[PDB]
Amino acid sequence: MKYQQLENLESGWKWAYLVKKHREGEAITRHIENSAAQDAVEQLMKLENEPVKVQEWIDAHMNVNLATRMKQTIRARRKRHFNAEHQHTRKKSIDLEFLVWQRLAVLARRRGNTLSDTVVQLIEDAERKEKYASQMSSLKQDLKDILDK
């Protein structure tokens, strides 16, 4: 584990997640009978501030089908929680026009690197384009002198 896993903080996240899924209309419970599940949900609503308890609840009453998905969601939020501390470890979200993203994705795939890294290469290559043009004509002139001389 690269990031530290704070039991207190994540249990709260898992709680909010399980609660959010419910008001969204999903099966947080593993129980099929609407009685044992209907209750498991009611109890869970109490665990709001009891971390240790939330972990237990999950073990007995949560739908096995949410197990991996939640592991993803919480895993990702953990990362994001700590990357938020310094700006160089943060990510920025932007939208690009379809066609523009397409040209950029193709580039990156072909070069074999990340979208970000590709953008950095583009910025550095595109900046030296001027120092390269003048490098062509300067080279093209010096040669024309080697001939008539």
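We number the residues from 1 along the sequence you see.
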53 to 61 set against 113 to 121, stretch whose average Cα temperature factor tops the other in the entry: 53 to 61
Of 7 to 15 and 135 to 143, the one with larger mean CA B-factor: 135 to 143
Selection from 102, 35, 89, 93 [criterion: highest C-alpha temperature factor in the record]: 35
Largest Cα B-factor, entry values, listed residues 97, 85, 26, 39: 39
